[PDB]
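Protein chains in written order, with my numbering: chain R, 36 to 86; chain W, 320 to 602; chain P, 21 to 324; chain U, 48 to 367.
Cβ coordinates follow ideal geometry from the N, Cα and C atoms, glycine included.
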Amino acid sequence: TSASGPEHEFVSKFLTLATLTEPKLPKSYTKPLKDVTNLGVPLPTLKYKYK
Amino acid sequence: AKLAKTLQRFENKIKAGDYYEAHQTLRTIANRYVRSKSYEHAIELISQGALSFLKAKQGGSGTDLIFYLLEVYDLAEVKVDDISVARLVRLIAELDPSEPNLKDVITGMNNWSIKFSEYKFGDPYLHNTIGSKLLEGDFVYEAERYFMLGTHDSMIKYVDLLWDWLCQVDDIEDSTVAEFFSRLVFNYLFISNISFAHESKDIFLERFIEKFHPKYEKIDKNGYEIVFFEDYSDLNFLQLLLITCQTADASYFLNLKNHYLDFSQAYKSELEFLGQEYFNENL
Amino acid sequence: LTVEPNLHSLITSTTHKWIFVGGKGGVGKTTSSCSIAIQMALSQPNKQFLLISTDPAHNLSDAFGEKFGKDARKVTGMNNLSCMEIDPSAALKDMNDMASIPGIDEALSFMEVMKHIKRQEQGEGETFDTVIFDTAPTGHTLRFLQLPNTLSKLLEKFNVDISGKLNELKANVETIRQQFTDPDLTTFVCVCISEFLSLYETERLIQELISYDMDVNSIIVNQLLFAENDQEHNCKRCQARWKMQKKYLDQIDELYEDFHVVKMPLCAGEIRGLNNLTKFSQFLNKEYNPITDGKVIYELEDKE
Amino acid sequence: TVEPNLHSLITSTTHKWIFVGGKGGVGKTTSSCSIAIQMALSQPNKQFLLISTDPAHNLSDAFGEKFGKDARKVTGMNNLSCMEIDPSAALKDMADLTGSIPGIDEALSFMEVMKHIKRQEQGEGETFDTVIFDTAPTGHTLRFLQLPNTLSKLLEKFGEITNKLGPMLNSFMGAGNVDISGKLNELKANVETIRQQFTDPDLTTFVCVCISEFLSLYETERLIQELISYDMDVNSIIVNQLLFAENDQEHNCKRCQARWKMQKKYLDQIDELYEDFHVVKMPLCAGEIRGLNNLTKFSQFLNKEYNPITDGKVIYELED
Ligand SMILES: [Zn+2]
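What follows is the structure in structure tokens.
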């Protein structure tokens, strides 16, 4: 189970580094939809049909 | 007092199944109001008329009258507000999801809401209802977009369709879950709704855990949580990616990408955009 | 409730205080105004009715064969109908001599006529329950109904300071409009003839009235031949004319399905005096039937 | 002594364009047909074209033969041809500024009709000496006559603004800079050419058609004022559908007698308002007149006034 130790180490450390200060934009931040001016990028089509 | 009467004469003709006559009568009357610039009267008459055609399963007539309504909305410069949108919501309810013109009708409604509000992409509350209709017609990708641009309730509905869709997939995998999950993270990051990004992630990952029992441990630091998966590196990347975007710190973004070289390639376009939006990476 | 080709419901209505009659161009307007007034007075003996003309041609005096004017006079032979003939342009012009915005002229003109009516009720102790307004054939006399809206927008955008005057005038008109837009208090009966130009002008009038939020669902169609039915089929000229009239009657029936479309016969001798006017007027209340009622019409012509 | 007929017009050798117009079922098409026939009969050495732009195909109905986009001789005439077109349909078969600027739509439409005429002459269909234009009942088809003035004032405003600037910004802004302006000036020049002839009273006139009734009289005064504002010559009025009831009680019951009374009232008004016009008073015929034979018999009263005492037999012979 702990064979994924390498990636666990990285996640652990990275999370600590990032959360050392309050992230600039807080979790509850929402850009007012009135101000939203573009979509970002099309995501790929899924191979699976929806039914 | 006269308006109530002509709408009764009309709904008599509709109970009788005289749909051509009903449509004819209403059009004469509506036209006269439109011609005399009596727009409130036309709006009430037309909308009511459209409603009873739809209730009577006369899709063609009802849809035509919805377009007529939108024409008058545009003519009378009807601004997006609660009453304006409610007329359309009440109509969307009666629309058969199979109507051949569904997408046109919805685009008509949305386009009015763009022109007469300050939303580039249209009123969110309207989007919530439109989304649901589209999904009834199996127009999944269109529903996704409208929900994305919707309300809190739309976010819940968005998670539900995606979750239902993942469950429909016969051959589950490691990369499969991420194909669906990544859509919430990316889309809500694209519109900078961090709150919906977090909340959708939470709902989705909890359901994933409760159904598939993956191996995981919750890592918690300063009030933030990463669900560390043993077999879903994709999922780790996507969670850390979100928090990275919140910080707007290029070095964290770089660290994150350097660790997950494959995901950096896989999400190349998405990451270039996030780098621009959150970072400052314009070329 | 299916819409009867007569004015019965209006004639016996107890709620209407203002009945307007209008129509452009030799369409039997004055006869129609007079006939509506007579029918209402006869059907409602307990109420007092005023028939007022703002035509300068003194048309009501001509129609009844008595001299009417600025002072209300009972028509001889009636206990409950009075007539007035005024000229509001002339009344304004004398007032103005004694020294940009649409609807003003018309507002001040119509306030004058209201003033005169109210004054006439005061000085004779008889207040009128309903006024039948025979409107002037030319001009847009009710255009002032749009004023409160035009002027309210003007005030937002905003020597003698006229703002107070403007607001008072807005308030004055809004008071009128409250009653003129109430379908139970006020309605407009259109008068026309079964011909292309008249039908076109009637559609215009109706649209004008709808834009004022004035109730309109009555159309009197005059001068109908009913030529197939009289007998003495002699007159193929009349038969050909009837054919054309039927064409436009069909158009009216389809355009104004929800209106009271009342179809009135042509009478050879133009109808004058109380007696002839009441006999003819009855067909506003109960439809003329050419088969059965022809002899009534011929009596009038026969009498000359 | 301005004569109550169209004799001087009918025998005129100078007119190339005769317009006929009137709103509201006033006998317009019969009047156009009658004018064309009278001119053709009185001037056998000339070739005449009667053209309708009414989509109802009224001339085909009036003569009882099928006419269309291609000029056809009316059967029984050596000298008269008929055309029926639709300029809206011709234009569609052939943009914001057409809506923005008044007269443009009408200019391009009318240039199309003239183009079609000229082509029809050219492909061995004879050159026509005079065209009788049965105008469409609706719209302001000659509004283009105002265009050269509207457009000239627009080019001055264009000349004031553009020549303010540059030439850095002027040359950047101008790809095809002269081009759109070239097109406007060409169109202005095209219309001014037409106007030169349409405002020439010896080349062009408009005959109004009406009935002796209040609304028609009112619309006719409006029409006349419209034509004066285009500088179009107008001094002919045909008044149709007159009963002259006092002169045949046999055909004229008291209903008709009463109607005639009313008609006389408006005839008197016309006589006083249009003292200097040729006011031609035409009799009602009960049966609407169709075919060359009936149309030529009736049409003669445009040239020499109908007299109800003397000519009544001619009219009552068409009725049966
Ligand atoms: Zn007759």
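For P:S29, the enclosing alpha helix (DSSP H) stretches over residues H28 to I31. Looking at the DSSP output, U:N354 shares a beta bridge with no other residue. Per DSSP, the continuous alpha helix (DSSP H) segment holding P:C258 begins and ends at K256 to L275. Listed by position along chain R, the residues whose Cβ is nearer than 7 Å to that of W:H578 are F45. Against chain R, the beta carbon of W:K439 has neighbours under 7 Å at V71 and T72, listed in chain order. Placement of the Cβ of U:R302 at a distance of less than 7 Å from at least one heavy atom of ligand 1 is found.
Using a Cβ-Cβ distance cut-off of 8 Å, the region 272 to 286 of chain U and the region 315 to 329 of chain U are in contact, since at least three pairs of beta carbons, one from each stretch, lie closer than that value. Interface annotation, P:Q302: not in contact with chain W, CB-CB separation never under 8 Å.
Restricting attention to P:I124, P:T147 and P:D125, the CA atom closest to the CA of P:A92 is found in P:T147.
Apart from the 5 residues on each side of it in sequence, U:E364 has no Cβ closer than 7 Å to any other Cβ in its chain.
The three-state reading of DSSP puts U:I164 in helix, counting H, G and I together.
Taking 8 Å as the cut-off, the Cβ atoms of U:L231 and U:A154 do not count as close. If only uninterrupted alpha helix (DSSP H) runs of at least 4 residues are considered, those enclosed by the region 157 to 222 of chain P are 167 to 177 and 183 to 200. The beta-carbon of P:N254 is placed less than 8 Å from the nearest beta-carbon of chain U.
When the Cα atoms are used, W:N447 and W:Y460 turn out to be separated by approximately 14 Å.
If you ignore the 5 residues before and after U:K93, its C-beta comes within less than 6 Å of the C-beta of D176, all in its own chain and listed in chain order. Close CB contacts of W:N601 within its chain, under the 7 Å cut and outside five residues either way in sequence, are with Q595 (chain order).
Note on the region 35 to 116 of chain P: whole beta strand (DSSP E) runs with a minimum of 3 residues are 38 to 42, 69 to 73 and 101 to 105, in chain order. Using a C-beta cut-off of 8 Å, the region 287 to 295 of chain P makes contact with the region 95 to 113 of chain P, since at least three inter-stretch Cβ pairs fall below that distance. Interface with chain P (8 Å Cβ-Cβ cutoff): U:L331 is included. Taking a contact to require three or more Cβ pairs closer than 8 Å, the region 334 to 342 of chain W and the region 528 to 541 of chain W do not qualify as touching. When secondary structure is reduced to three states using DSSP, P:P25 falls in the coil class, being assigned neither helix nor strand. Under the three-state reduction of DSSP, W:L602 is assigned to coil, being neither helix nor strand. Beta-bridge pairing by DSSP links P:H280 to P:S238. In chain order, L68 make up the part of chain R whose C-beta sits under 9 Å from the C-beta of W:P443.
Going by C-alpha positions, U:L201 is about 20 Å away from U:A222. Using beta-carbon distances, W:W484 counts as an interface residue toward chain R, with a partner under 8 Å. Nearest to P:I311 by alpha-carbon distance, out of P:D250, P:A260 and P:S301, is P:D250. When distances are taken from the beta-carbon of U:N126 to the heavy atoms of ligand 1, even the shortest one reaches 7 Å or more. Taking CB atoms only, W:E413 has no neighbour in chain R less than 8 Å away. As far as DSSP is concerned, W:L554 takes part in no beta bridge. By the CB criterion at 8 Å, W:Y465 and W:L453 fall inside the cutoff. The alpha-carbon separation between P:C258 and U:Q304 amounts to approximately 11 Å.
Rounded to the nearest whole angstrom, the CA to CA distance from U:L262 to P:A156 is 16 Å. As computed with DSSP, P:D154 is found in a beta bridge with P:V41 and P:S73. At the C-beta level, U:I132 and U:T100 come within 8 Å of one another.
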